[PDB]
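Enquirer: Take this structure, written in structure tokens, and hold onto it; I'll ask about it next.
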Amino acid sequence: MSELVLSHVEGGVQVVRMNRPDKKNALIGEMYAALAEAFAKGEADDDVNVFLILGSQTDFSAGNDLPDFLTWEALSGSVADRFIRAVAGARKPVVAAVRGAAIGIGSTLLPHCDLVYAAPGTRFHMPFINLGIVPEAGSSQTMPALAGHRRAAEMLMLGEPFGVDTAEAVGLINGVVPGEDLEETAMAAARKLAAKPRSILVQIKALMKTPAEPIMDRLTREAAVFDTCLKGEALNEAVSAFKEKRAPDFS
Amino acid sequence: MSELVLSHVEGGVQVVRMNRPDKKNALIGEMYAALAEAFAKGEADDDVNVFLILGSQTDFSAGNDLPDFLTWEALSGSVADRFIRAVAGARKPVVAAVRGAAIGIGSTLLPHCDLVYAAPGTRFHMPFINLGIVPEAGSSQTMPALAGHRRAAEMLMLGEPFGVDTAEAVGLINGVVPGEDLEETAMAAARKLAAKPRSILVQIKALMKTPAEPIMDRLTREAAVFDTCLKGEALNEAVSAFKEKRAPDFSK
Amino acid sequence: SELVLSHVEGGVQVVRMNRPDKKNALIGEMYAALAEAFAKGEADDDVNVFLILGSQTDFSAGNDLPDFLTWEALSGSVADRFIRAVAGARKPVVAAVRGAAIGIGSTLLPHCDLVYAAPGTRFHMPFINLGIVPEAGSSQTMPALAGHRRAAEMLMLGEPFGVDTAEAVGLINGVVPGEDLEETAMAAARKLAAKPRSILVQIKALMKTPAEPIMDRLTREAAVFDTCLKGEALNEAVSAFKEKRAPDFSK
Amino acid sequence: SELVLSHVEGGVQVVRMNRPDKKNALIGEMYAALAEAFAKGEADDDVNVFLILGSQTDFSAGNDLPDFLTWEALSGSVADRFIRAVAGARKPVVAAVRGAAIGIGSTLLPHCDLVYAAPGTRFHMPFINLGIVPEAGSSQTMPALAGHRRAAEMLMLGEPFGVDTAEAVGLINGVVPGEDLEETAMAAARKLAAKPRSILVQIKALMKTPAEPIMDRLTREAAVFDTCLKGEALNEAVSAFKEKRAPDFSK
Amino acid sequence: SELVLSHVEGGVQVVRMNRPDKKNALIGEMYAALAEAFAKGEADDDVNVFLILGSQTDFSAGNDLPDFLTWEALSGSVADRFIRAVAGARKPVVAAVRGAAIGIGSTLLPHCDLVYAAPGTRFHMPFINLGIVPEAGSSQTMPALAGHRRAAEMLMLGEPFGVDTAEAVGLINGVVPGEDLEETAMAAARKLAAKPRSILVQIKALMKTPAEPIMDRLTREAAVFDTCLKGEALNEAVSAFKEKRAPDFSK
Amino acid sequence: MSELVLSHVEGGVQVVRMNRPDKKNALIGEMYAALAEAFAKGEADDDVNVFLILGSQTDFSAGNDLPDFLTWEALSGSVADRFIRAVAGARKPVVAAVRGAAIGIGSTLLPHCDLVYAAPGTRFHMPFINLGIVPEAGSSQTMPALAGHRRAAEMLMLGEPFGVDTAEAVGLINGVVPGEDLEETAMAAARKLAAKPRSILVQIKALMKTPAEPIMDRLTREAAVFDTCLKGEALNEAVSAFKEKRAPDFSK
């Protein structure tokens, strides 16, 4: 319920844009709610294969609106918690395009995305410690996993901002793209995902995101899924299309 | 002459070479079986300390042969599954030297190797998604662990090929070596492993490959093993050799 | 009592190894003094952060060989006690390394929160060449940081490596000229000491909690986060922001 | 001569080597056709930019060996003509490379303005192994780009190298999956073609002017710059900015 | 209140651009004040090093557009005077950049001796998009630093770039969190200021002497070097070393 | 006339080793002289194709002996100047293996080498400014050319030491190699150079080291040399060897 979040579907891609550009997309409760709603619609909508999350023309998100944030009674059960769970649990792929400010949740959300592109000026920051609080959105797990404990301590314990150099080096983003081409490029990546066979793609994502386990268990797990694929129409169409020297159509 | 998988032992190293060069070492059932055979033999063979896996002079492996692959009833229990489990479970060290094509299993095998060198033109690819299937050989776990989820998504979800830059950056390979020296260099690394005390080296590998656990448990685990080493001949030989100003010989 | 020096300044407990003539090769007395220093610091309310240093030329060449040939076991030994003391330290630990960082000189570093190294620091885990196995959790930490193959150079080939690798795999945060090394490490310790200790400790504990299913981690972080919303540290951060001043978290 | 294909689209002259059966190993007729294509493009007012391509599998394996053994000289040869045509081209040149880039396939690239390469690309300058010296200015361009030692691996050891090195020393802009390589290179060519030609050409000429004492270069740039202040391209840029629209530099 | 602030502390002349409301977009009066500040600092015996700063959010968004449309020429202009003042400055120049570094904000940096940037810094040389050419020697300095192809992304495609590229091509020395940026740049300025000025200046002049045949350069260095052997700076360095103290090169 | 520098020839490689390990190979006049002599001999010796420069088992060179250095009347025309010119002007290839200290001349020499390998603990330093002097050996030109002006200013103006990370990134060294394999690896690189055809290799090096010039002039220059190679025995042997499916022997 706000014009602060815009959402629409094009060619199998649900575009979800934060739209409070005057405050650098600093988030408030109504935006979290609209964002959670957009994920729930997209997750249930058969015309949607992939999500694409965008910000303004100058910023992704400056994180929570600070006055608003100081009035939170809890994080547990809050609307912010709902949004984060909606993204962390999304079965469909999620692409993000970031630029300018990516602060707090603007950064800690990115590890739940499948692909992320950033503009040259992007500034990442997780300043929880400087507000007397702890990190959210699973960043206490995802950052050390990606960057190692020491480089993640610069982010979380020193509370220091970082740039695209570090973000790409630790695997937080896939690459840096000039702002004028950023949305087009992220959209091209979304389409390329949307042209894969959804039911398989979703299984791949779910396996990737399954907690790590003893290797023999994982082999068994992958193989069980794999067996089902051998019988499927997607494989059939992929082979057929390869033979006939054409692009597959997986609808 | 031209069996599809060649195997022989030199200086503690079992060389296992895929040899279907005309099809860029695209794998069929018989190769998987021969390869699993070679691992079982090397694992049991007391003259073998280390494996070295090689391809042709131009390619490592272009993955499964497609005609053969369309014959599969299942991956579970198949001969390909057997090969993969043989490598994933190998107690002895495994060195690989890759070049040209490393596709499908040619790539997804590499995380189970202990050292890997690649030639400059190597092309890595996991195109499962473009065939309507899912990744195998534990790559759904090993790729995201090595590269992080987003780079691994380029590999697995976009199904895009990648090169030696990425492969080295995410720790899939140790380094890039000019093709004319690739085999020699991989072999030198194998020999260097083979000269270590086998019984200890195997324990180090097993620890390294033990699933991660709470840190205090791991300390306890390492220490238990470590305690047995303090009493061992390998330590004794290392110290003796140091005192007598000579290179240790751990071959006994 | 001359081989290990310890003192507290500005919330930082400095712990220095001081056997420079043998490149800080450790013996039982040092381990005991080092373990004691961590126990004191962990209990001392005036201490927020530890800073571990070596000599002016070396961090540590690892165990002294004569002493080592006296060990009955690693389990239960004084070396074990030291290692546990660091691995289990609730407060942050910063290290500054240079010259030799061998054996325990290297395998200790993954338990540190920040680590700076001089140009020409030489890292080495030569356990295999002594017929023994790696200690201090390195069989887990090195593969997690470097990946299995690059860790196999270190642990299976037993090869030394340099600052290039150490930084690339996240063993250290950066390389700093020797003449500025201690000052820089100290500045980083002070910066950590100026954070709110009770929150900082929670952040470290979350970061070091074994990875778990993502929804569980979200729940875990949120439970801690909820407690922070009611805390003095948040209150001081806000107050300080309002009054246009730097926060003092000695509260 | 269907060994070289050339055509113009949207201001871009596409020049494709087309002897896929021999991995585009070059012979005299190809060099002549290539030189002709550059001369046409350089004189053609409908052409703003060149795009040079190979087969679907290779860029060029260098000189065909049988042909090469018949050369009386490099000086004055048709190969020399081609090289000079590209080195001297006033308009921008984009290349997309893959598979083999050997001999001239590599040594040509420093004359290009933008270069994209596929993941499997193999670069090689094996002159020393044939008892000859490097050509196409590589004795100068490689040391300038890579430094003398890394260039000695290429030229004195005669070792092939990959995309890691090529990107690190600035031989190529980036690595692009083969299925998107041509599209991406073409997009870059179009982007260049949409710039104001007369300015772009000046920029390229300045960039390629031999380095000189800094004050001379300031003078040189400024003289050109002064002419631009009076030009239509500036005028269009400003007009377009005022009217809140994209500029059209076709005028 | 004035648009350029300048003052001296501990041998360092701080020169700060101060039009924060327009992101330090430059006008003629600033160029004149900046050139004035350099002339003064160059002559002033109490000054050893310059430190150039911007606002708390931006370095410089380049020329103010209204002012720029007033220029009759770049040759001889006040902008030219400023650029020459920096390019020709005999004393060392350190810069600390953040936010916008556009046009001259970027093309100035190659004339600096050290440069630190904040995480969000956005570098841009959009000359081509304005129908003009690059200035401040960038047609020479960018290709030298980045190689021709990566420089073509900056100058021919006119694309902005970030701290990843800037550090990789040697345009900056490092990235530093905004809250520590000025302090760190200052610490570097002080460290330069504590060197012996007359020597330091000679080192800078040699470094900036156009490249020449190697034997000539050896001869050149040696001639200067011979003069140093007789100098007070060497004498003070040795003396200070003997007496186990820090040298004071104010002599 | 000193045992402070050891020199000998093996398999076309002249090994030149600094041998004052007690002072980390800090250089004095007699070492400069012996080193210059070794280059002059090698340059004139037909059995020598390549130089290999080595230090002690722990250090390359800590630079000039400081007490000695404070007594120099001049650098121009000194024995140190002679050495530097000998290496800078050497027509034959030069490979170096460095470790531990590489200070002053220990660093500023390396840009005149064709290949350089370094051990993990190597510490590079050009502290001229802290001694009130300027850089030597062409470093005022070579460092900025390699590293760019700003990173070179850390080295030369701030006078700060740096490590193998930076040295490899700016192209000062080819790579890092574990100390126990350093000399072997550098030697292998020397031998690989020594197996190339000397007369051609020398021309390649001379072209590489020719000052940069307008591109058309360089094309002309290369082509003139190239024309001479088309008539040479080295090309002939390369082709012949290729046809007969054997390794070339460029010894004659």
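Residue names in the structure tokens use chain letters A, B, ... in the order shown, residue numbers from 1 in each chain, and ligand numbers from 1 in the order shown.
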Compute the chain F side of the contact with chain C at 10 Å, counting only C-alpha atoms, and hand it back as a list in words.
Expert: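 Every residue meeting the condition is included here: residues 99, 100, 101, 119, 120, 121, 122, 123, 124, 125, 159, 160, 161, 162, 163, 164, 165, 166, 167, 168, 169, 176, 177, 178, 179, 180 and 181 of chain F.
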Enquirer: Emit the selected residues as an mmCIF file, in the first residue's frame, including N, CA, C and O atoms.
Expert:
```cif
data_model
loop_
_atom_site.group_PDB
_atom_site.id
_atom_site.type_symbol
_atom_site.label_atom_id
_atom_site.label_comp_id
_atom_site.auth_asym_id
_atom_site.auth_seq_id
_atom_site.Cartn_x
_atom_site.Cartn_y
_atom_site.Cartn_z
ATOM 1 N N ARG F 99 65.246 -13.872 -2.331
ATOM 2 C CA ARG F 99 64.608 -14.272 -1.077
ATOM 3 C C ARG F 99 65.092 -13.404 0.030
ATOM 4 O O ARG F 99 66.068 -12.697 -0.133
ATOM 5 N N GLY F 100 64.426 -13.475 1.176
ATOM 6 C CA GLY F 100 64.783 -12.657 2.331
ATOM 7 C C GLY F 100 64.946 -11.196 1.958
ATOM 8 O O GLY F 100 64.091 -10.617 1.292
ATOM 9 N N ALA F 101 66.073 -10.615 2.323
ATOM 10 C CA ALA F 101 66.324 -9.218 2.005
ATOM 11 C C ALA F 101 66.633 -8.975 0.525
ATOM 12 O O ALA F 101 67.456 -9.666 -0.064
ATOM 13 N N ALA F 119 61.107 -15.919 -3.192
ATOM 14 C CA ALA F 119 60.572 -16.783 -2.151
ATOM 15 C C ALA F 119 59.527 -16.047 -1.371
ATOM 16 O O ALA F 119 59.529 -14.819 -1.349
ATOM 17 N N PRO F 120 58.610 -16.772 -0.737
ATOM 18 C CA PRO F 120 57.508 -16.212 0.052
ATOM 19 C C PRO F 120 57.924 -15.139 1.041
ATOM 20 O O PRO F 120 57.248 -14.098 1.133
ATOM 21 N N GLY F 121 59.012 -15.304 1.770
ATOM 22 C CA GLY F 121 59.329 -14.192 2.704
ATOM 23 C C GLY F 121 60.099 -12.982 2.165
ATOM 24 O O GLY F 121 60.581 -12.159 2.925
ATOM 25 N N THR F 122 60.196 -12.809 0.858
ATOM 26 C CA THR F 122 61.058 -11.741 0.355
ATOM 27 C C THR F 122 60.555 -10.347 0.721
ATOM 28 O O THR F 122 59.357 -10.046 0.636
ATOM 29 N N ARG F 123 61.481 -9.511 1.147
ATOM 30 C CA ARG F 123 61.180 -8.142 1.561
ATOM 31 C C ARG F 123 61.940 -7.164 0.646
ATOM 32 O O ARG F 123 63.160 -7.191 0.591
ATOM 33 N N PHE F 124 61.201 -6.378 -0.121
ATOM 34 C CA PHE F 124 61.799 -5.462 -1.080
ATOM 35 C C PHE F 124 61.827 -4.083 -0.461
ATOM 36 O O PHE F 124 60.893 -3.703 0.249
ATOM 37 N N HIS F 125 62.889 -3.314 -0.696
ATOM 38 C CA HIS F 125 62.978 -1.993 -0.060
ATOM 39 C C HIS F 125 63.930 -1.102 -0.795
ATOM 40 O O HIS F 125 65.011 -1.524 -1.124
ATOM 41 N N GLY F 159 59.536 5.760 0.949
ATOM 42 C CA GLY F 159 60.620 4.865 1.329
ATOM 43 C C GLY F 159 60.145 3.623 2.078
ATOM 44 O O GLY F 159 60.819 3.140 2.962
ATOM 45 N N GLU F 160 58.991 3.116 1.705
ATOM 46 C CA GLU F 160 58.397 1.996 2.391
ATOM 47 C C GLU F 160 58.702 0.654 1.753
ATOM 48 O O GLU F 160 58.688 0.514 0.530
ATOM 49 N N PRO F 161 58.976 -0.358 2.584
ATOM 50 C CA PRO F 161 59.253 -1.674 2.060
ATOM 51 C C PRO F 161 57.988 -2.305 1.561
ATOM 52 O O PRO F 161 56.913 -1.879 1.936
ATOM 53 N N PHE F 162 58.104 -3.285 0.679
ATOM 54 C CA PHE F 162 56.934 -3.959 0.159
ATOM 55 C C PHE F 162 57.279 -5.403 -0.069
ATOM 56 O O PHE F 162 58.442 -5.777 0.069
ATOM 57 N N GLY F 163 56.235 -6.186 -0.378
ATOM 58 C CA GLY F 163 56.290 -7.623 -0.378
ATOM 59 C C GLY F 163 55.993 -8.184 -1.736
ATOM 60 O O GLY F 163 55.840 -7.439 -2.712
ATOM 61 N N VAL F 164 55.913 -9.507 -1.777
ATOM 62 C CA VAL F 164 55.715 -10.237 -3.006
ATOM 63 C C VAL F 164 54.367 -9.958 -3.663
ATOM 64 O O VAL F 164 54.261 -10.063 -4.897
ATOM 65 N N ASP F 165 53.369 -9.581 -2.874
ATOM 66 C CA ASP F 165 52.107 -9.174 -3.450
ATOM 67 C C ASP F 165 52.256 -8.023 -4.429
ATOM 68 O O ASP F 165 51.893 -8.102 -5.604
ATOM 69 N N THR F 166 52.885 -6.969 -3.974
ATOM 70 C CA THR F 166 53.077 -5.805 -4.793
ATOM 71 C C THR F 166 54.068 -6.133 -5.906
ATOM 72 O O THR F 166 53.869 -5.738 -7.043
ATOM 73 N N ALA F 167 55.131 -6.851 -5.577
ATOM 74 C CA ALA F 167 56.179 -7.069 -6.552
ATOM 75 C C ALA F 167 55.655 -7.834 -7.741
ATOM 76 O O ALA F 167 55.985 -7.521 -8.883
ATOM 77 N N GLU F 168 54.845 -8.856 -7.489
ATOM 78 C CA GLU F 168 54.248 -9.531 -8.597
ATOM 79 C C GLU F 168 53.204 -8.653 -9.280
ATOM 80 O O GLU F 168 53.136 -8.607 -10.496
ATOM 81 N N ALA F 169 52.386 -7.942 -8.538
ATOM 82 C CA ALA F 169 51.348 -7.150 -9.195
ATOM 83 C C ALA F 169 51.945 -6.096 -10.149
ATOM 84 O O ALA F 169 51.399 -5.848 -11.186
ATOM 85 N N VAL F 176 56.136 -16.329 -7.276
ATOM 86 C CA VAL F 176 56.587 -16.675 -5.982
ATOM 87 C C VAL F 176 56.761 -18.166 -5.920
ATOM 88 O O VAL F 176 55.894 -18.879 -6.311
ATOM 89 N N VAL F 177 57.868 -18.630 -5.369
ATOM 90 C CA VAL F 177 58.200 -20.046 -5.313
ATOM 91 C C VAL F 177 58.775 -20.367 -3.951
ATOM 92 O O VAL F 177 59.639 -19.659 -3.479
ATOM 93 N N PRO F 178 58.263 -21.412 -3.297
ATOM 94 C CA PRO F 178 58.761 -21.875 -1.978
ATOM 95 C C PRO F 178 60.277 -21.999 -1.955
ATOM 96 O O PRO F 178 60.868 -22.486 -2.903
ATOM 97 N N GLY F 179 60.900 -21.485 -0.912
ATOM 98 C CA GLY F 179 62.357 -21.419 -0.832
ATOM 99 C C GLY F 179 63.068 -22.717 -1.154
ATOM 100 O O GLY F 179 64.078 -22.707 -1.835
ATOM 101 N N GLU F 180 62.538 -23.850 -0.700
ATOM 102 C CA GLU F 180 63.198 -25.114 -0.976
ATOM 103 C C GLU F 180 63.239 -25.449 -2.476
ATOM 104 O O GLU F 180 64.063 -26.226 -2.862
ATOM 105 N N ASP F 181 62.376 -24.870 -3.317
ATOM 106 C CA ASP F 181 62.372 -25.122 -4.761
ATOM 107 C C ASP F 181 62.803 -23.927 -5.591
ATOM 108 O O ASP F 181 62.775 -23.963 -6.833
#
```
Enquirer: Could you list, as an NGL selection string, the residues of chain A having an atom within 7 Å of chain E when counting only C-alpha atoms?
Expert: :A and (120-123 or 160-165 or 178)
Enquirer: For atom CA of residue F:106 and atom CA of residue F:75, determine how far apart the two atoms are, in Å to one decimal place.
Expert: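 One can read the atom CA of residue F:106 to atom CA of residue F:75 distance as 16.3 Å.
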Enquirer: C:13, C:209, C:184, C:57: which is nearest residue C:42, counting only C-alpha atoms?
Expert: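 Checking each of C:13, C:209, C:184, C:57 against residue C:42, counting only C-alpha atoms, the winner is C:13.
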Enquirer: If DSSP is run on the backbone, what residues of stretch 42-245 of chain E are helix (DSSP H, G or I)? A reply as a ChimeraX atom specification would be ideal.
Expert: /E:42-43,65-68,78-87,104-107,109-111,127-130,138-146,148-155,163-168,178-193,197-207,214-229,232-242
Enquirer: Next, dump the selected residues to file, keeping only C-alpha atoms, as an mmCIF file, in the first residue's frame.
Expert:
```cif
data_model
loop_
_atom_site.group_PDB
_atom_site.id
_atom_site.type_symbol
_atom_site.label_atom_id
_atom_site.label_comp_id
_atom_site.auth_asym_id
_atom_site.auth_seq_id
_atom_site.Cartn_x
_atom_site.Cartn_y
_atom_site.Cartn_z
ATOM 1 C CA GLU E 42 55.728 26.189 -3.659
ATOM 2 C CA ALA E 43 57.626 29.230 -2.435
ATOM 3 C CA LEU E 65 28.604 24.035 -16.631
ATOM 4 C CA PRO E 66 27.329 27.669 -16.730
ATOM 5 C CA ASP E 67 30.853 28.925 -16.041
ATOM 6 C CA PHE E 68 32.298 26.573 -18.612
ATOM 7 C CA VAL E 78 42.747 30.054 -15.383
ATOM 8 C CA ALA E 79 41.871 26.354 -15.508
ATOM 9 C CA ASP E 80 44.971 25.788 -17.582
ATOM 10 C CA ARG E 81 46.984 27.785 -15.026
ATOM 11 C CA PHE E 82 45.796 25.633 -12.191
ATOM 12 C CA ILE E 83 46.532 22.400 -14.020
ATOM 13 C CA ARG E 84 50.012 23.574 -14.918
ATOM 14 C CA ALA E 85 50.594 24.608 -11.334
ATOM 15 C CA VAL E 86 49.891 21.109 -10.138
ATOM 16 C CA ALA E 87 51.591 19.282 -12.983
ATOM 17 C CA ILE E 104 39.240 17.513 -13.696
ATOM 18 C CA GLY E 105 38.369 15.772 -10.424
ATOM 19 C CA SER E 106 39.790 12.643 -12.050
ATOM 20 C CA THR E 107 42.309 13.945 -14.574
ATOM 21 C CA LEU E 109 44.993 12.671 -9.967
ATOM 22 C CA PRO E 110 47.818 11.428 -12.162
ATOM 23 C CA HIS E 111 49.743 14.543 -11.204
ATOM 24 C CA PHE E 127 34.557 14.494 -22.358
ATOM 25 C CA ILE E 128 33.416 12.472 -25.337
ATOM 26 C CA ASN E 129 29.795 12.778 -24.237
ATOM 27 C CA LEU E 130 30.114 16.509 -24.204
ATOM 28 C CA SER E 138 44.858 12.402 -19.512
ATOM 29 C CA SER E 139 45.274 11.387 -23.177
ATOM 30 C CA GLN E 140 48.804 10.430 -22.112
ATOM 31 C CA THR E 141 48.516 9.497 -18.446
ATOM 32 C CA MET E 142 45.518 7.126 -18.706
ATOM 33 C CA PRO E 143 46.858 4.974 -21.458
ATOM 34 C CA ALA E 144 50.236 4.834 -19.730
ATOM 35 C CA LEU E 145 48.640 3.687 -16.477
ATOM 36 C CA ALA E 146 45.829 1.438 -17.662
ATOM 37 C CA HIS E 148 45.178 1.631 -24.200
ATOM 38 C CA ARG E 149 42.120 -0.629 -23.980
ATOM 39 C CA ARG E 150 41.105 -0.024 -20.420
ATOM 40 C CA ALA E 151 41.764 3.720 -21.009
ATOM 41 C CA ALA E 152 39.450 3.544 -24.011
ATOM 42 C CA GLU E 153 36.591 2.529 -21.689
ATOM 43 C CA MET E 154 37.247 5.758 -19.777
ATOM 44 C CA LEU E 155 37.929 8.170 -22.621
ATOM 45 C CA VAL E 163 37.783 2.140 -6.935
ATOM 46 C CA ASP E 164 38.432 -1.382 -8.164
ATOM 47 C CA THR E 165 39.706 -0.113 -11.494
ATOM 48 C CA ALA E 166 41.294 3.008 -10.053
ATOM 49 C CA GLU E 167 43.486 0.989 -7.691
ATOM 50 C CA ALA E 168 44.201 -1.685 -10.275
ATOM 51 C CA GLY E 178 35.387 7.874 4.690
ATOM 52 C CA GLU E 179 35.554 8.489 8.429
ATOM 53 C CA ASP E 180 39.338 7.848 8.351
ATOM 54 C CA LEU E 181 40.087 9.181 4.921
ATOM 55 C CA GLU E 182 41.358 12.670 5.780
ATOM 56 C CA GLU E 183 43.287 11.439 8.766
ATOM 57 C CA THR E 184 44.985 8.799 6.659
ATOM 58 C CA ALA E 185 45.803 11.129 3.811
ATOM 59 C CA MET E 186 47.141 13.555 6.396
ATOM 60 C CA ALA E 187 49.293 10.878 8.007
ATOM 61 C CA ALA E 188 50.774 10.163 4.607
ATOM 62 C CA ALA E 189 51.403 13.885 4.025
ATOM 63 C CA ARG E 190 53.179 14.123 7.383
ATOM 64 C CA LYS E 191 55.272 11.137 6.613
ATOM 65 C CA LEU E 192 56.401 12.788 3.395
ATOM 66 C CA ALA E 193 56.908 16.057 5.238
ATOM 67 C CA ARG E 197 62.702 18.186 1.405
ATOM 68 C CA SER E 198 65.560 19.020 -0.907
ATOM 69 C CA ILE E 199 66.167 15.337 -1.589
ATOM 70 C CA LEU E 200 62.527 14.430 -1.838
ATOM 71 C CA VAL E 201 62.020 17.100 -4.457
ATOM 72 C CA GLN E 202 64.888 15.723 -6.504
ATOM 73 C CA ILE E 203 63.409 12.229 -6.302
ATOM 74 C CA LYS E 204 60.091 13.482 -7.534
ATOM 75 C CA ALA E 205 61.738 15.377 -10.396
ATOM 76 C CA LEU E 206 63.651 12.303 -11.514
ATOM 77 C CA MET E 207 60.537 10.151 -11.353
ATOM 78 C CA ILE E 214 68.739 3.578 -19.833
ATOM 79 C CA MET E 215 72.434 4.571 -19.835
ATOM 80 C CA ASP E 216 71.422 8.233 -19.956
ATOM 81 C CA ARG E 217 69.134 7.760 -16.986
ATOM 82 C CA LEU E 218 71.921 6.066 -15.045
ATOM 83 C CA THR E 219 74.183 9.005 -15.775
ATOM 84 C CA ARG E 220 71.471 11.459 -14.825
ATOM 85 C CA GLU E 221 70.677 9.795 -11.500
ATOM 86 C CA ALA E 222 74.322 9.438 -10.655
ATOM 87 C CA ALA E 223 75.023 13.156 -11.220
ATOM 88 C CA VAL E 224 72.297 14.083 -8.774
ATOM 89 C CA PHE E 225 73.347 11.269 -6.409
ATOM 90 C CA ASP E 226 76.929 12.620 -6.285
ATOM 91 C CA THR E 227 75.604 15.939 -4.953
ATOM 92 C CA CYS E 228 73.703 14.114 -2.206
ATOM 93 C CA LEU E 229 76.779 12.447 -0.823
ATOM 94 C CA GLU E 232 73.410 17.842 5.151
ATOM 95 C CA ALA E 233 70.488 15.419 4.813
ATOM 96 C CA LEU E 234 72.713 12.392 4.539
ATOM 97 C CA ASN E 235 74.716 13.738 7.418
ATOM 98 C CA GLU E 236 71.640 14.131 9.639
ATOM 99 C CA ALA E 237 70.326 10.688 8.664
ATOM 100 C CA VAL E 238 73.553 9.011 9.690
ATOM 101 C CA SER E 239 73.926 11.043 12.857
ATOM 102 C CA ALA E 240 70.326 10.296 13.886
ATOM 103 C CA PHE E 241 70.861 6.597 13.219
ATOM 104 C CA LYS E 242 74.017 6.522 15.416
#
```
Enquirer: Provide as JSON, numbers by chain the residues of chain B at most 10 Å from chain A, counting only C-alpha atoms.
Expert: {"B": [66, 69, 70, 71, 72, 73, 74, 75, 76, 77, 78, 81, 84, 85, 88, 89, 112, 128, 129, 130, 131, 132, 133, 134, 135, 136, 137, 138, 139, 140, 141, 142, 143, 144, 145, 146, 147, 148, 149, 150, 151, 152, 153, 154, 156, 157, 158, 159, 169, 170, 209, 210, 211, 212]}
Enquirer: Residues of stretch 9-248 of chain F classed as strand (DSSP E or B) by DSSP on the backbone are to be reported as a PyMOL selection string.
Expert: chain F and resi 9-10+13-18+27+50-54+61+64+94-98+101-103+115-118+123-125+162+175-176
Enquirer: Export, as a CSV table (one decimal), in the first residue's frame, the selected residues with C-alpha atoms.
Expert:
```csv
chain,number,residue,atom,x,y,z
F,9,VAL,CA,79.1,-22.5,-15.8
F,10,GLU,CA,76.7,-25.5,-16.2
F,13,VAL,CA,74.1,-21.2,-17.7
F,14,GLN,CA,76.5,-19.0,-15.8
F,15,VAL,CA,75.7,-19.1,-12.2
F,16,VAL,CA,76.7,-16.1,-10.2
F,17,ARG,CA,76.2,-16.3,-6.5
F,18,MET,CA,76.7,-13.6,-3.8
F,27,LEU,CA,77.7,-5.4,-0.9
F,50,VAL,CA,72.2,-17.3,-19.9
F,51,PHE,CA,73.1,-15.9,-16.5
F,52,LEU,CA,71.5,-16.9,-13.3
F,53,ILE,CA,72.0,-14.7,-10.2
F,54,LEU,CA,71.6,-16.1,-6.8
F,61,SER,CA,71.1,-8.8,-0.8
F,64,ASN,CA,75.2,-1.7,0.2
F,94,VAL,CA,69.5,-12.8,-16.9
F,95,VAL,CA,67.4,-14.7,-14.4
F,96,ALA,CA,67.4,-14.0,-10.7
F,97,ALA,CA,66.2,-15.8,-7.7
F,98,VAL,CA,65.6,-13.7,-4.7
F,101,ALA,CA,66.3,-9.2,2.0
F,102,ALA,CA,66.2,-7.5,-1.4
F,103,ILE,CA,67.3,-4.0,-0.4
F,115,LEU,CA,63.0,-13.2,-15.3
F,116,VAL,CA,62.9,-13.1,-11.5
F,117,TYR,CA,61.4,-15.6,-9.0
F,118,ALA,CA,61.1,-14.8,-5.3
F,123,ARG,CA,61.2,-8.1,1.6
F,124,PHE,CA,61.8,-5.5,-1.1
F,125,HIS,CA,63.0,-2.0,-0.1
F,162,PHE,CA,56.9,-4.0,0.2
F,175,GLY,CA,56.2,-15.4,-9.5
F,176,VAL,CA,56.6,-16.7,-6.0
```
Enquirer: Please compute the atom CA of residue C:244-atom CA of residue A:156 distance, one decimal, in Å.
Expert: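 Taking atom CA of residue C:244 as the start and atom CA of residue A:156 as the end point, the length is 23.7 Å.
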